[PDB]
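Peer 1: coords.cif (mmCIF, N, CA and C atoms and all ligand atoms) pasted underneath:
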data_my_file
loop_
_atom_site.label_atom_id
_atom_site.label_comp_id
_atom_site.auth_asym_id
_atom_site.auth_seq_id
_atom_site.Cartn_x
_atom_site.Cartn_y
_atom_site.Cartn_z
N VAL A 1 2.44 6.50 21.28
CA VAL A 1 2.63 5.07 21.47
C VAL A 1 3.98 4.69 20.88
N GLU A 2 4.83 4.03 21.67
CA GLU A 2 6.16 3.71 21.17
C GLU A 2 6.09 2.43 20.35
N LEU A 3 6.73 2.51 19.20
CA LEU A 3 6.84 1.42 18.29
C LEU A 3 8.26 0.91 18.21
N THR A 4 8.33 -0.38 18.54
CA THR A 4 9.68 -0.85 18.58
C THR A 4 10.20 -1.21 17.16
N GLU A 5 11.50 -1.49 17.14
CA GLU A 5 12.10 -1.94 15.90
C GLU A 5 11.51 -3.23 15.37
N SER A 6 11.19 -4.23 16.19
CA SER A 6 10.59 -5.45 15.68
C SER A 6 9.27 -5.16 14.94
N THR A 7 8.42 -4.33 15.51
CA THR A 7 7.16 -3.96 14.89
C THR A 7 7.38 -3.25 13.57
N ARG A 8 8.42 -2.40 13.50
CA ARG A 8 8.76 -1.72 12.27
C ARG A 8 9.56 -2.54 11.26
N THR A 9 9.70 -3.82 11.48
CA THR A 9 10.41 -4.76 10.62
C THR A 9 9.42 -5.63 9.85
N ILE A 10 9.51 -5.60 8.53
CA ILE A 10 8.56 -6.28 7.67
C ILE A 10 9.28 -6.91 6.49
N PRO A 11 8.66 -7.83 5.76
CA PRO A 11 9.33 -8.46 4.62
C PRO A 11 9.72 -7.45 3.55
N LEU A 12 10.94 -7.54 3.06
CA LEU A 12 11.44 -6.71 1.99
C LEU A 12 11.12 -7.31 0.63
N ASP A 13 11.40 -8.61 0.46
CA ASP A 13 10.97 -9.26 -0.79
C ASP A 13 10.40 -10.62 -0.42
N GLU A 14 10.36 -11.58 -1.32
CA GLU A 14 9.76 -12.86 -1.00
C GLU A 14 10.67 -13.82 -0.26
N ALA A 15 11.99 -13.69 -0.32
CA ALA A 15 12.80 -14.82 0.16
C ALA A 15 13.23 -14.83 1.61
N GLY A 16 12.82 -13.87 2.43
CA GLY A 16 13.07 -14.01 3.86
C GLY A 16 13.76 -12.77 4.39
N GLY A 17 14.31 -11.98 3.45
CA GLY A 17 14.88 -10.72 3.90
C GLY A 17 13.86 -9.75 4.42
N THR A 18 14.22 -8.99 5.43
CA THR A 18 13.34 -8.01 6.01
C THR A 18 13.95 -6.63 5.94
N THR A 19 13.14 -5.60 6.15
CA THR A 19 13.58 -4.23 6.24
C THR A 19 12.94 -3.61 7.48
N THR A 20 13.67 -2.75 8.13
CA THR A 20 13.18 -2.00 9.29
C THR A 20 13.09 -0.53 8.94
N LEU A 21 11.88 0.03 9.06
CA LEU A 21 11.67 1.45 8.84
C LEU A 21 12.09 2.21 10.09
N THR A 22 12.65 3.41 9.93
CA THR A 22 12.81 4.28 11.07
C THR A 22 11.42 4.83 11.47
N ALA A 23 11.38 5.42 12.67
CA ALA A 23 10.20 6.13 13.13
C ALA A 23 9.81 7.20 12.10
N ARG A 24 10.80 7.91 11.59
CA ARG A 24 10.56 8.98 10.62
C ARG A 24 9.90 8.44 9.36
N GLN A 25 10.28 7.30 8.80
CA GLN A 25 9.81 6.68 7.63
C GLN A 25 8.39 6.22 7.92
N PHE A 26 8.16 5.64 9.09
CA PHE A 26 6.81 5.24 9.46
C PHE A 26 5.88 6.45 9.43
N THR A 27 6.31 7.51 10.05
CA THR A 27 5.50 8.71 10.17
C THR A 27 5.12 9.26 8.79
N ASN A 28 6.15 9.34 7.94
CA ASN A 28 5.92 9.78 6.59
C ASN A 28 4.96 8.88 5.82
N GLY A 29 5.12 7.55 5.93
CA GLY A 29 4.20 6.63 5.26
C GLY A 29 2.78 6.76 5.76
N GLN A 30 2.60 6.89 7.06
CA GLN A 30 1.27 7.07 7.68
C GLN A 30 0.60 8.34 7.17
N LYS A 31 1.38 9.42 7.14
CA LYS A 31 0.89 10.73 6.64
C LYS A 31 0.44 10.64 5.19
N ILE A 32 1.23 10.02 4.34
CA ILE A 32 0.86 9.85 2.93
C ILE A 32 -0.39 9.01 2.82
N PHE A 33 -0.45 7.95 3.61
CA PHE A 33 -1.61 7.07 3.57
C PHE A 33 -2.89 7.89 3.87
N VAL A 34 -2.85 8.66 4.95
CA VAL A 34 -4.01 9.47 5.33
C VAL A 34 -4.36 10.46 4.23
N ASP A 35 -3.37 11.10 3.63
CA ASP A 35 -3.69 12.11 2.65
C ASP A 35 -4.21 11.56 1.34
N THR A 36 -3.67 10.41 0.92
CA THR A 36 -3.85 10.00 -0.47
C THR A 36 -4.53 8.66 -0.60
N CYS A 37 -4.49 7.75 0.38
CA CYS A 37 -4.97 6.40 0.27
C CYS A 37 -6.31 6.19 0.98
N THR A 38 -6.59 6.96 2.02
CA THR A 38 -7.80 6.73 2.82
C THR A 38 -9.09 7.06 2.08
N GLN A 39 -9.05 7.78 0.97
CA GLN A 39 -10.28 7.99 0.20
C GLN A 39 -10.86 6.68 -0.32
N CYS A 40 -10.06 5.68 -0.53
CA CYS A 40 -10.56 4.36 -0.97
C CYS A 40 -10.21 3.23 -0.02
N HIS A 41 -9.22 3.43 0.85
CA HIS A 41 -8.75 2.35 1.71
C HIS A 41 -8.73 2.78 3.19
N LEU A 42 -9.73 3.50 3.67
CA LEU A 42 -9.86 3.75 5.09
C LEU A 42 -9.80 2.39 5.83
N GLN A 43 -8.95 2.40 6.86
CA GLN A 43 -8.75 1.22 7.69
C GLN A 43 -8.21 0.03 6.91
N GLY A 44 -7.54 0.33 5.78
CA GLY A 44 -6.98 -0.73 5.00
C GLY A 44 -7.96 -1.55 4.23
N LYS A 45 -9.24 -1.10 4.13
CA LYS A 45 -10.26 -1.90 3.47
C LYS A 45 -10.36 -1.62 1.99
N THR A 46 -11.05 -2.49 1.29
CA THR A 46 -11.46 -2.24 -0.07
C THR A 46 -12.93 -2.63 -0.15
N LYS A 47 -13.66 -1.84 -0.89
CA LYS A 47 -15.12 -2.00 -0.93
C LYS A 47 -15.66 -2.30 -2.30
N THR A 48 -14.86 -2.20 -3.36
CA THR A 48 -15.37 -2.42 -4.69
C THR A 48 -14.79 -3.71 -5.30
N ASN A 49 -14.12 -4.52 -4.53
CA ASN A 49 -13.73 -5.88 -4.99
C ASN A 49 -13.65 -6.71 -3.72
N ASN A 50 -13.79 -8.01 -3.84
CA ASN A 50 -13.73 -8.95 -2.72
C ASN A 50 -12.30 -9.50 -2.61
N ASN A 51 -11.85 -9.53 -1.39
CA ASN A 51 -10.54 -10.03 -0.99
C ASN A 51 -9.39 -9.34 -1.70
N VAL A 52 -9.52 -8.03 -1.93
CA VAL A 52 -8.43 -7.28 -2.51
C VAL A 52 -8.20 -6.06 -1.65
N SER A 53 -8.18 -6.30 -0.35
CA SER A 53 -7.90 -5.28 0.63
C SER A 53 -6.41 -5.15 0.86
N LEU A 54 -6.08 -4.25 1.82
CA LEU A 54 -4.66 -4.11 2.22
C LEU A 54 -4.31 -4.99 3.43
N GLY A 55 -5.21 -5.89 3.80
CA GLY A 55 -4.85 -6.86 4.85
C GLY A 55 -3.82 -7.83 4.32
N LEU A 56 -3.03 -8.42 5.18
CA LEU A 56 -1.94 -9.30 4.71
C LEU A 56 -2.37 -10.51 3.88
N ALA A 57 -3.43 -11.18 4.26
CA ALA A 57 -3.85 -12.40 3.57
C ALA A 57 -4.24 -12.02 2.14
N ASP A 58 -4.90 -10.88 1.97
CA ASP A 58 -5.32 -10.43 0.65
C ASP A 58 -4.10 -10.08 -0.19
N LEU A 59 -3.18 -9.30 0.42
CA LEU A 59 -1.96 -8.94 -0.30
C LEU A 59 -1.16 -10.18 -0.76
N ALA A 60 -1.10 -11.19 0.10
CA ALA A 60 -0.33 -12.41 -0.09
C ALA A 60 -0.87 -13.19 -1.27
N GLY A 61 -2.14 -13.00 -1.57
CA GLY A 61 -2.78 -13.73 -2.67
C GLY A 61 -2.74 -13.04 -4.01
N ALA A 62 -2.20 -11.83 -4.05
CA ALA A 62 -2.02 -11.14 -5.32
C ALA A 62 -0.91 -11.82 -6.12
N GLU A 63 -0.86 -11.49 -7.40
CA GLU A 63 0.15 -12.02 -8.32
C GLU A 63 1.00 -10.92 -8.93
N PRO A 64 2.30 -10.84 -8.64
CA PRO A 64 2.98 -11.57 -7.57
C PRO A 64 2.51 -11.07 -6.21
N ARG A 65 2.88 -11.80 -5.13
CA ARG A 65 2.32 -11.47 -3.82
C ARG A 65 2.78 -10.08 -3.38
N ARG A 66 1.92 -9.35 -2.71
CA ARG A 66 2.11 -7.94 -2.38
C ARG A 66 2.36 -7.68 -0.90
N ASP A 67 2.67 -8.73 -0.16
CA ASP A 67 2.91 -8.66 1.28
C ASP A 67 4.40 -8.47 1.61
N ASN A 68 5.09 -7.76 0.75
CA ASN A 68 6.47 -7.38 0.97
C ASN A 68 6.67 -6.01 0.35
N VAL A 69 7.66 -5.25 0.87
CA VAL A 69 7.81 -3.85 0.51
C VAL A 69 8.07 -3.65 -0.98
N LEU A 70 8.99 -4.45 -1.52
CA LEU A 70 9.30 -4.19 -2.94
C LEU A 70 8.16 -4.44 -3.89
N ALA A 71 7.30 -5.41 -3.62
CA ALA A 71 6.13 -5.66 -4.44
C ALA A 71 5.13 -4.51 -4.36
N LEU A 72 5.02 -3.90 -3.17
CA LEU A 72 4.11 -2.75 -2.99
C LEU A 72 4.65 -1.55 -3.71
N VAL A 73 5.96 -1.33 -3.63
CA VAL A 73 6.58 -0.24 -4.38
C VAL A 73 6.29 -0.43 -5.85
N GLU A 74 6.47 -1.67 -6.34
CA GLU A 74 6.23 -1.92 -7.75
C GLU A 74 4.78 -1.65 -8.13
N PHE A 75 3.85 -2.06 -7.24
CA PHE A 75 2.42 -1.85 -7.51
C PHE A 75 2.12 -0.35 -7.63
N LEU A 76 2.73 0.48 -6.76
CA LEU A 76 2.45 1.91 -6.74
C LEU A 76 3.14 2.67 -7.83
N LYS A 77 4.06 2.04 -8.54
CA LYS A 77 4.59 2.51 -9.81
C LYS A 77 3.72 2.06 -10.97
N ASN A 78 3.39 0.77 -11.03
CA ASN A 78 2.76 0.13 -12.19
C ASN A 78 1.65 -0.78 -11.71
N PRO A 79 0.52 -0.22 -11.27
CA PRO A 79 -0.53 -1.06 -10.68
C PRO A 79 -1.15 -2.01 -11.70
N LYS A 80 -1.62 -3.14 -11.19
CA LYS A 80 -2.21 -4.18 -11.98
C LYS A 80 -3.47 -4.73 -11.30
N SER A 81 -4.30 -5.43 -12.06
CA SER A 81 -5.39 -6.19 -11.41
C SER A 81 -4.76 -7.24 -10.50
N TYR A 82 -5.61 -7.86 -9.70
CA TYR A 82 -5.11 -8.72 -8.63
C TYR A 82 -4.40 -9.95 -9.13
N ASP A 83 -4.86 -10.50 -10.25
CA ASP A 83 -4.23 -11.63 -10.93
C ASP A 83 -3.01 -11.21 -11.76
N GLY A 84 -2.67 -9.93 -11.82
CA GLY A 84 -1.55 -9.34 -12.49
C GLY A 84 -1.65 -9.22 -14.00
N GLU A 85 -2.81 -9.48 -14.61
CA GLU A 85 -2.96 -9.56 -16.05
C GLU A 85 -3.15 -8.23 -16.79
N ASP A 86 -3.87 -7.31 -16.22
CA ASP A 86 -4.49 -6.09 -16.58
C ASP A 86 -3.65 -4.93 -16.00
N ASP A 87 -3.40 -3.98 -16.88
CA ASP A 87 -2.69 -2.74 -16.55
C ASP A 87 -3.64 -1.70 -15.96
N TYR A 88 -3.37 -1.32 -14.71
CA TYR A 88 -4.20 -0.36 -14.00
C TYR A 88 -3.51 0.99 -13.90
N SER A 89 -2.55 1.30 -14.75
CA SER A 89 -1.83 2.55 -14.61
C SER A 89 -2.67 3.79 -14.94
N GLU A 90 -3.84 3.62 -15.59
CA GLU A 90 -4.79 4.70 -15.80
C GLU A 90 -6.07 4.51 -14.96
N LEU A 91 -6.05 3.58 -14.02
CA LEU A 91 -7.17 3.24 -13.19
C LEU A 91 -6.90 3.44 -11.70
N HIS A 92 -5.75 3.01 -11.23
CA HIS A 92 -5.35 3.10 -9.85
C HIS A 92 -4.28 4.17 -9.69
N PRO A 93 -4.35 5.03 -8.67
CA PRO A 93 -3.29 6.04 -8.48
C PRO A 93 -1.90 5.44 -8.43
N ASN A 94 -0.93 6.18 -9.04
CA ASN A 94 0.44 5.66 -9.12
C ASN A 94 1.38 6.81 -9.45
N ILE A 95 2.67 6.58 -9.22
CA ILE A 95 3.67 7.61 -9.50
C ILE A 95 4.20 7.57 -10.91
N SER A 96 3.79 6.64 -11.77
CA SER A 96 4.19 6.67 -13.18
C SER A 96 3.40 7.69 -13.98
N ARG A 97 2.21 8.06 -13.53
CA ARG A 97 1.26 8.87 -14.31
C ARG A 97 0.83 10.10 -13.53
N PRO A 98 1.78 11.00 -13.27
CA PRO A 98 1.46 12.21 -12.51
C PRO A 98 0.50 13.15 -13.25
N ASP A 99 0.43 12.97 -14.57
CA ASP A 99 -0.49 13.74 -15.38
C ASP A 99 -1.94 13.44 -15.00
N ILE A 100 -2.22 12.17 -14.71
CA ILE A 100 -3.62 11.88 -14.31
C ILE A 100 -3.68 11.77 -12.79
N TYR A 101 -2.63 11.61 -11.98
CA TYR A 101 -2.70 11.53 -10.50
C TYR A 101 -1.82 12.63 -9.92
N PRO A 102 -2.18 13.89 -10.06
CA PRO A 102 -1.30 14.99 -9.61
C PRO A 102 -1.00 14.92 -8.12
N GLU A 103 -1.91 14.34 -7.35
CA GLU A 103 -1.75 14.14 -5.93
C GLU A 103 -0.59 13.21 -5.60
N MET A 104 -0.11 12.45 -6.57
CA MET A 104 1.01 11.56 -6.48
C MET A 104 2.27 12.24 -7.00
N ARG A 105 2.23 13.44 -7.58
CA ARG A 105 3.39 13.85 -8.40
C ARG A 105 4.58 14.29 -7.57
N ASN A 106 4.32 14.57 -6.31
CA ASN A 106 5.44 14.99 -5.49
C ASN A 106 5.99 13.86 -4.64
N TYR A 107 5.51 12.65 -4.78
CA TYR A 107 6.09 11.56 -4.00
C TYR A 107 7.22 10.92 -4.78
N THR A 108 8.34 10.81 -4.08
CA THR A 108 9.44 10.10 -4.68
C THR A 108 9.38 8.60 -4.44
N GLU A 109 10.28 7.85 -5.07
CA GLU A 109 10.38 6.43 -4.81
C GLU A 109 10.57 6.15 -3.32
N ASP A 110 11.33 7.00 -2.64
CA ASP A 110 11.53 6.82 -1.22
C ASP A 110 10.27 7.03 -0.40
N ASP A 111 9.41 7.97 -0.71
CA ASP A 111 8.10 8.20 -0.16
C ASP A 111 7.25 6.94 -0.39
N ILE A 112 7.32 6.34 -1.56
CA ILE A 112 6.55 5.17 -1.84
C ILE A 112 7.05 3.98 -1.04
N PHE A 113 8.35 3.86 -0.86
CA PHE A 113 8.90 2.86 0.08
C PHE A 113 8.26 3.08 1.46
N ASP A 114 8.22 4.32 1.95
CA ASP A 114 7.66 4.56 3.27
C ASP A 114 6.18 4.19 3.35
N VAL A 115 5.35 4.51 2.33
CA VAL A 115 3.93 4.12 2.46
C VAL A 115 3.82 2.63 2.32
N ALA A 116 4.65 1.95 1.51
CA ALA A 116 4.62 0.51 1.44
C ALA A 116 4.98 -0.13 2.79
N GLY A 117 6.01 0.37 3.43
CA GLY A 117 6.33 -0.13 4.77
C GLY A 117 5.21 0.12 5.76
N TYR A 118 4.65 1.30 5.78
CA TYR A 118 3.50 1.62 6.62
C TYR A 118 2.40 0.59 6.42
N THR A 119 2.06 0.30 5.14
CA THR A 119 0.95 -0.58 4.83
C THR A 119 1.13 -1.96 5.46
N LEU A 120 2.40 -2.46 5.51
CA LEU A 120 2.68 -3.76 6.08
C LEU A 120 2.86 -3.73 7.59
N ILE A 121 3.15 -2.57 8.18
CA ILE A 121 3.20 -2.46 9.65
C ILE A 121 1.81 -2.29 10.26
N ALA A 122 0.97 -1.52 9.59
CA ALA A 122 -0.39 -1.22 10.07
C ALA A 122 -1.14 -2.44 10.59
N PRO A 123 -1.20 -3.59 9.91
CA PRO A 123 -1.96 -4.73 10.48
C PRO A 123 -1.44 -5.20 11.83
N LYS A 124 -0.17 -5.01 12.12
CA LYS A 124 0.39 -5.35 13.43
C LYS A 124 -0.19 -4.48 14.54
N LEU A 125 -0.60 -3.30 14.14
CA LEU A 125 -1.03 -2.24 15.02
C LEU A 125 -2.53 -2.22 15.33
N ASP A 126 -3.37 -2.79 14.47
CA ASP A 126 -4.81 -2.68 14.49
C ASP A 126 -5.46 -3.93 13.91
N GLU A 127 -6.12 -4.70 14.79
CA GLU A 127 -6.87 -5.89 14.42
C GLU A 127 -7.94 -5.63 13.38
N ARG A 128 -8.38 -4.37 13.29
CA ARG A 128 -9.46 -4.00 12.39
C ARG A 128 -8.89 -3.60 11.05
N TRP A 129 -7.58 -3.55 10.90
CA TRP A 129 -6.98 -3.19 9.59
C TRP A 129 -7.35 -4.23 8.54
N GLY A 130 -7.72 -3.76 7.35
CA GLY A 130 -7.99 -4.67 6.28
C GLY A 130 -9.38 -5.23 6.33
N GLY A 131 -9.70 -5.97 5.29
CA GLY A 131 -11.02 -6.53 5.12
C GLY A 131 -11.77 -5.99 3.95
N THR A 132 -12.80 -6.75 3.59
CA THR A 132 -13.71 -6.36 2.51
C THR A 132 -14.98 -5.79 3.14
N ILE A 133 -15.42 -4.67 2.57
CA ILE A 133 -16.69 -4.10 2.98
C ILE A 133 -17.87 -4.62 2.16
N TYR A 134 -18.87 -5.12 2.92
CA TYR A 134 -20.06 -5.71 2.30
C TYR A 134 -21.32 -4.97 2.66
N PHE A 135 -22.21 -4.80 1.68
CA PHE A 135 -23.52 -4.25 1.99
C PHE A 135 -24.62 -5.11 1.38
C1 LIG B 201 -9.65 4.99 -5.04
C2 LIG B 201 -9.64 6.24 -5.90
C3 LIG B 201 -8.25 4.55 -4.68
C4 LIG B 201 -7.21 5.23 -4.15
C5 LIG B 201 -7.07 6.71 -3.81
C6 LIG B 201 -6.19 4.27 -3.81
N1 LIG B 201 -6.57 2.97 -4.15
FE1 LIG B 201 -5.61 1.26 -3.88
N2 LIG B 201 -7.10 0.27 -4.74
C7 LIG B 201 -8.33 0.75 -5.13
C8 LIG B 201 -9.14 -0.30 -5.67
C9 LIG B 201 -10.56 -0.11 -6.20
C10 LIG B 201 -8.42 -1.45 -5.58
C11 LIG B 201 -8.75 -2.83 -6.05
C12 LIG B 201 -8.18 -3.23 -7.40
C13 LIG B 201 -8.68 -4.57 -7.87
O1 LIG B 201 -7.85 -5.44 -8.16
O2 LIG B 201 -9.93 -4.71 -7.98
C14 LIG B 201 -7.16 -1.08 -4.96
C15 LIG B 201 -6.14 -1.97 -4.64
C16 LIG B 201 -4.94 -1.69 -4.01
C17 LIG B 201 -3.93 -2.64 -3.65
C18 LIG B 201 -3.98 -4.13 -3.90
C19 LIG B 201 -4.54 -4.92 -2.72
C20 LIG B 201 -4.38 -6.44 -2.76
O3 LIG B 201 -4.92 -7.11 -1.82
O4 LIG B 201 -3.78 -6.94 -3.73
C21 LIG B 201 -2.94 -1.95 -3.03
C22 LIG B 201 -1.61 -2.46 -2.48
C23 LIG B 201 -3.36 -0.57 -2.99
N3 LIG B 201 -4.58 -0.41 -3.65
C24 LIG B 201 -2.71 0.44 -2.38
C25 LIG B 201 -3.04 1.74 -2.32
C26 LIG B 201 -2.27 2.78 -1.66
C27 LIG B 201 -1.07 2.54 -0.75
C28 LIG B 201 -2.87 3.96 -2.00
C29 LIG B 201 -2.42 5.34 -1.58
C30 LIG B 201 -1.09 5.73 -2.21
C31 LIG B 201 -4.04 3.63 -2.78
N4 LIG B 201 -4.14 2.26 -2.97
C32 LIG B 201 -4.97 4.53 -3.18
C33 LIG B 201 -8.62 2.08 -5.13
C34 LIG B 201 -7.84 3.14 -4.68
CA CA B 202 -5.98 14.38 0.62
CA CA B 203 -13.66 -10.26 -7.67
CA CA B 204 -2.41 15.90 -1.07
#
Could I get this structure in the form of structure tokens?
Peer 2:
Amino acid sequence: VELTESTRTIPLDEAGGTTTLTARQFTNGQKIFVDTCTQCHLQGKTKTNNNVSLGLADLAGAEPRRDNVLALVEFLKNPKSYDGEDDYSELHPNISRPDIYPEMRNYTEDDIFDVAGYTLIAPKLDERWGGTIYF
């Protein structure tokens, strides 16, 4: 399926600037997502908290908002609770703590940029991306 440049263009930070991933960067981000993120976020969902999925509306409500690439990169370095108060660096996988997340130890900052871009392109691609799982 061909993905155009507009689809691969997503917010870079909060003030209106955007970034466009290459096809290669998209591919790499998708691959990392499948290998490392789908154990807890299949289809962009979250099941152990409400409204803290990878869907855009949920990301937008985080503190600071996570619906832009740089905020996602920051989260994957130094994860926090949704209100930003609590340090999740020993709770959520991240590249700061390869000692406890060895599956993260070979990803560079640029790899994390690619999965962050992937995460924000994915909802454009799939109406079912994101959401809270309820039982
Ligand atoms: C289970 C072992 C997880 C793995 C692997 C990954 N994530 Fe995760 N993530 C998980 C939980 C339980 C939560 C909720 C935290 C909370 O505040 O209760 C999250 C949350 C995120 C978020 C924030 C979503 C928001 O709407 O603010 C992001 C951006 C996120 N996780 C990303 C992410 C990525 C890209 C991962 C692969 C590198 C990844 N997570 C793995 C649990 C788990
Ligand atoms: Ca894996
Ligand atoms: Ca809650
Ligand atoms: Ca792996």
Peer 1: Give me the residues within 6 Å of segment 46-50 of chain A as a list in words, counting all atoms listed in the file and dropping any in the same chain fewer than 2 places off.
Peer 2: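 Neighbouring residues, sequence-local ones excluded: residues 40, 41, 44, 52, 53, 54, 130, 131, 132 and 133 of chain A.
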Peer 1: Write a file of the selected residues as a compact mmCIF listing (two decimals), in the coordinates of the input, keeping N, CA and C atoms.
Peer 2:
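Just written: part_2.txt:
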# COMPACT_ATOMS: atom_id res chain seq x y z
N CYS A 40 -10.06 5.68 -0.53
CA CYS A 40 -10.56 4.36 -0.97
C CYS A 40 -10.21 3.23 -0.02
N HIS A 41 -9.22 3.43 0.85
CA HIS A 41 -8.75 2.35 1.71
C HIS A 41 -8.73 2.78 3.19
N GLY A 44 -7.54 0.33 5.78
CA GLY A 44 -6.98 -0.73 5.00
C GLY A 44 -7.96 -1.55 4.23
N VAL A 52 -9.52 -8.03 -1.93
CA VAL A 52 -8.43 -7.28 -2.51
C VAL A 52 -8.20 -6.06 -1.65
N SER A 53 -8.18 -6.30 -0.35
CA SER A 53 -7.90 -5.28 0.63
C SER A 53 -6.41 -5.15 0.86
N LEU A 54 -6.08 -4.25 1.82
CA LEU A 54 -4.66 -4.11 2.22
C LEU A 54 -4.31 -4.99 3.43
N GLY A 130 -7.72 -3.76 7.35
CA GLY A 130 -7.99 -4.67 6.28
C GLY A 130 -9.38 -5.23 6.33
N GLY A 131 -9.70 -5.97 5.29
CA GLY A 131 -11.02 -6.53 5.12
C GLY A 131 -11.77 -5.99 3.95
N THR A 132 -12.80 -6.75 3.59
CA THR A 132 -13.71 -6.36 2.51
C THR A 132 -14.98 -5.79 3.14
N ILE A 133 -15.42 -4.67 2.57
CA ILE A 133 -16.69 -4.10 2.98
C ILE A 133 -17.87 -4.62 2.16
Peer 1: I'd like the interatomic distance between atom C of residue 15 of chain A and atom N of residue 123 of chain A, to a tenth of an Å.
Peer 2: 20.1 Å
Peer 1: Draw an axis-aligned box tight on the listed atoms of segment 1-14 of chain A, then pad every side by 3 Å and write out centre and edge lengths in Å to one decimal as lines of an AutoDock Vina configuration file.
Peer 2:
center_x = 7.3
center_y = -3.7
center_z = 10.2
size_x = 15.7
size_y = 26.3
size_z = 29.0
Peer 1: Give me, as JSON lines, the closest atom pair and its distance (Å, one decimal) for every residue of chain A within a cut-off of 6 Å of ligand LIG 201 (chain B), counting only N, CA and C atoms and all ligand atoms, rows sorted by chain and rising number.
Peer 2:
{"residue": "A:33", "atom": "CA", "partner": "B:LIG201", "partner_atom": "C29", "distance": 5.5}
{"residue": "A:36", "atom": "C", "partner": "B:LIG201", "partner_atom": "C29", "distance": 4.1}
{"residue": "A:37", "atom": "CA", "partner": "B:LIG201", "partner_atom": "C29", "distance": 3.3}
{"residue": "A:38", "atom": "N", "partner": "B:LIG201", "partner_atom": "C29", "distance": 5.7}
{"residue": "A:39", "atom": "C", "partner": "B:LIG201", "partner_atom": "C5", "distance": 5.2}
{"residue": "A:40", "atom": "CA", "partner": "B:LIG201", "partner_atom": "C1", "distance": 4.2}
{"residue": "A:41", "atom": "N", "partner": "B:LIG201", "partner_atom": "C6", "distance": 5.6}
{"residue": "A:48", "atom": "CA", "partner": "B:LIG201", "partner_atom": "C9", "distance": 5.5}
{"residue": "A:49", "atom": "CA", "partner": "B:LIG201", "partner_atom": "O2", "distance": 5.0}
{"residue": "A:51", "atom": "C", "partner": "B:LIG201", "partner_atom": "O3", "distance": 5.0}
{"residue": "A:52", "atom": "C", "partner": "B:LIG201", "partner_atom": "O3", "distance": 3.4}
{"residue": "A:53", "atom": "C", "partner": "B:LIG201", "partner_atom": "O3", "distance": 3.6}
{"residue": "A:54", "atom": "N", "partner": "B:LIG201", "partner_atom": "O3", "distance": 4.8}
{"residue": "A:55", "atom": "N", "partner": "B:LIG201", "partner_atom": "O3", "distance": 5.8}
{"residue": "A:58", "atom": "C", "partner": "B:LIG201", "partner_atom": "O3", "distance": 3.5}
{"residue": "A:59", "atom": "N", "partner": "B:LIG201", "partner_atom": "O3", "distance": 3.6}
{"residue": "A:60", "atom": "N", "partner": "B:LIG201", "partner_atom": "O3", "distance": 5.9}
{"residue": "A:62", "atom": "CA", "partner": "B:LIG201", "partner_atom": "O4", "distance": 4.8}
{"residue": "A:72", "atom": "CA", "partner": "B:LIG201", "partner_atom": "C22", "distance": 5.8}
{"residue": "A:80", "atom": "C", "partner": "B:LIG201", "partner_atom": "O1", "distance": 5.4}
{"residue": "A:81", "atom": "CA", "partner": "B:LIG201", "partner_atom": "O1", "distance": 4.1}
{"residue": "A:82", "atom": "N", "partner": "B:LIG201", "partner_atom": "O1", "distance": 3.6}
{"residue": "A:92", "atom": "CA", "partner": "B:LIG201", "partner_atom": "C34", "distance": 5.7}
{"residue": "A:93", "atom": "N", "partner": "B:LIG201", "partner_atom": "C6", "distance": 5.3}
{"residue": "A:115", "atom": "C", "partner": "B:LIG201", "partner_atom": "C27", "distance": 5.8}
Peer 1: List the spatial neighbours of residue 30 of chain A as a list in words - criterion: any atom at most 6.5 Å away, only N, CA and C atoms, same-chain residues fewer than 3 positions off excluded.
Peer 2: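 Within the cut-off, the hits are residues 25, 26, 27, 33, 34, 35, 114, 115 and 118 of chain A.
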